[PDB]
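> If you read the sequence shown in the entry's author numbering, its first letter stands for residue 1, the second for the next number, and so on.
Take a look at the following structure, please.
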Amino acid sequence: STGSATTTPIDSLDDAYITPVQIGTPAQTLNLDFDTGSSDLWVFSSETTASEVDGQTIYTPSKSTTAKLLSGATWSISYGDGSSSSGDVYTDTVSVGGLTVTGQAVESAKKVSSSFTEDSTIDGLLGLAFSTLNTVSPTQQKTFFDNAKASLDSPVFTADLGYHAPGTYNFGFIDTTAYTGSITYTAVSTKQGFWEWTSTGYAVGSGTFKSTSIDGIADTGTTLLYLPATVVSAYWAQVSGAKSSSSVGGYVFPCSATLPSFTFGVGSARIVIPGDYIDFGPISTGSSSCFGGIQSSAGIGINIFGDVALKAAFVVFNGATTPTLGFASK
Ligand SMILES: C[C@@H](C(=O)O)N(C)C(=O)OCc1ccccc1
């Protein structure tokens, strides 16, 4: 089997991408944030505290003839940005782009933190990291991909995120028309539960490539590119007037600037992030100061190849026995 679904930016900055997901019978379609940095499929629901729902579409398990409460199971998750959610668990039929999994754990939110409430466009998350990170207790549950992978034509999914435009998540096949030149694969460590890999270095604009190992995670659920402070300083030094602001929470730059590209290495291959992809717009409405798309990871504990990096590539998440990542230009 295969599936293919369009993923759409939630706003004009590509802050996140939503993908329609069919849950239950008859289908209830919710727009979920596909997150290769986490492993829970959770949704706003009829059980979510009413004051914490503000425009999201909800899953109502009582209206699904295939929903079954997973007795005794609870979940609770906290994300790197400080947001969180928790609740109970149903199993139900879940389909993405024509690919159907029966008995998928659908984690129904009883509580969500304010950042989720305040974003009416995201109805939940669909985790695509390794199932070892799933938070369901006392019986950990499998991700959608883990449940589907034995049925897929090939045990892979691909992320093809658009710049200020829709893109595609495919399951079970590699669309050879969706990229240019060849797919360069690299080794993954699953020891922390992430799609963790080592970039071979970077370049700023037309500058020389610096060969240096940068361990990080491929994370579709993170907006920006978080890299070591040395790398980030080297990038922003090429932008007149750019500085790190403790007040704002990162590097800012004149909105009048033309940003240089940023290149990262994948083995001997190179992925070029155009400068425009690094512009996240005014820090506040009407400000002439803009928020950078490359930021320091120093306070995180891990480097994160988020959407800024991934949307410059066609990315293969190879979930074979010995997992790997592939990157192609497009
Ligand atoms: C030969 C290899 C390399 O980079 O040395 N290469 C080009 C390549 O794509 O290797 C990807 C891979 C990593 C780990 C396990 C299986 C496959």
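Backbone N, C-alpha and C define an ideal beta-carbon position, used for all residues, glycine too.
1. Identify the continuous alpha helix (DSSP H) that holds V316 and give its terminal residues.
2. Using a Cβ distance threshold of 8 Å, determine whether the stretch 307-320 contacts the stretch 149-166, with at least three qualifying pairs required.
3. Since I302 contacts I217 with CB under 8 Å, what's their CB separation in whole angstroms?
4. Tell me whether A269 counts as near ligand 1, meaning its Cβ is closer than 7 Å to at least one heavy atom of that ligand.
5. I want to check one thing, is the minimum distance from the CB of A187 to the heavy atoms of ligand 1 below 7 Å?
6. Buried or exposed: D175, going by 16 or more other Cβ atoms within 10 Å of its Cβ?
7. Expressed to the nearest angstrom, what Euclidean distance is found between the alpha-carbon atoms of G306 and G293?
8. How many angstroms separate the CA atom of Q104 from the CA atom of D88?
9. Alpha carbons only, please: which of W42, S76, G37 and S95 is nearest the one belonging to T29?
10. Name the one or two DSSP bridge partners that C290 has.
11. To the nearest whole angstrom, what separates the beta carbons of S78 and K111, a pair I think is in contact under 8 Å?
12. Would you list the one or two residues that DSSP bridges to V266?
13. Hey, how far is the Cα of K210 from the Cα of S296?
14. From the DSSP output, in three-state form, read off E107 for me.
15. Residue ranges of each beta strand (DSSP E) run of no fewer than 3 residues wholly in the stretch 43-90, ordered along the chain?
16. To the nearest angstrom, report how far apart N318 and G326 are at their CA atoms.
17. For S206, which three-state DSSP category applies?
18. Just the Cα atoms here: how many angstroms apart are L225 and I304?
19. Take the Cβ of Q56 as the centre, count every other Cβ of all protein chains shown within 10 Å, and call the residue buried at 16 or more, exposed below.
20. How is the alpha helix (DSSP H) around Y235 delimited, first residue to last?
21. Taking 7 Å as the cut-off, is the CB of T324 close to at least one heavy atom of ligand 1?
22. Is DSSP giving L128 helix, strand or coil here?
23. Can you tell me the Cα-Cα spacing of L41 and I122, whole angstroms?
24. What's the call for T102, buried or exposed, on a 16-neighbour Cβ count within 10 Å?
25. Tell me whether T158, by its Cβ, gets closer than 7 Å to a heavy atom of ligand 1.
26. Measuring only the C-alpha atoms, how far is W236 from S137?
27. List the whole-angstrom C-beta distance separating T93 from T25, where the pair is believed to meet the contact cut-off of C-beta under 8 Å.
28. Quick check: the Cα distance between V248 and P254, rounded to an integer number of angstroms?
29. What's the gap between the Cα of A320 and the Cα of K142?
To lay it out plainly:
1. Careful: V316 lies outside any alpha helix (DSSP H), inside the beta strand (DSSP E) at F314 to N318.
2. yes
3. 6 Å
4. no
5. yes
6. exposed
7. 10 Å
8. 14 Å
9. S95
10. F253 and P282
11. So it is not a contact: roughly 12 Å between Cβ atoms.
12. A269
13. 18 Å
14. strand
15. 68-78
16. 8 Å
17. coil
18. 6 Å
19. buried
20. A229 to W236
21. yes
22. coil
23. 13 Å
24. exposed
25. no
26. 44 Å
27. 6 Å
28. 14 Å
29. 16 Å
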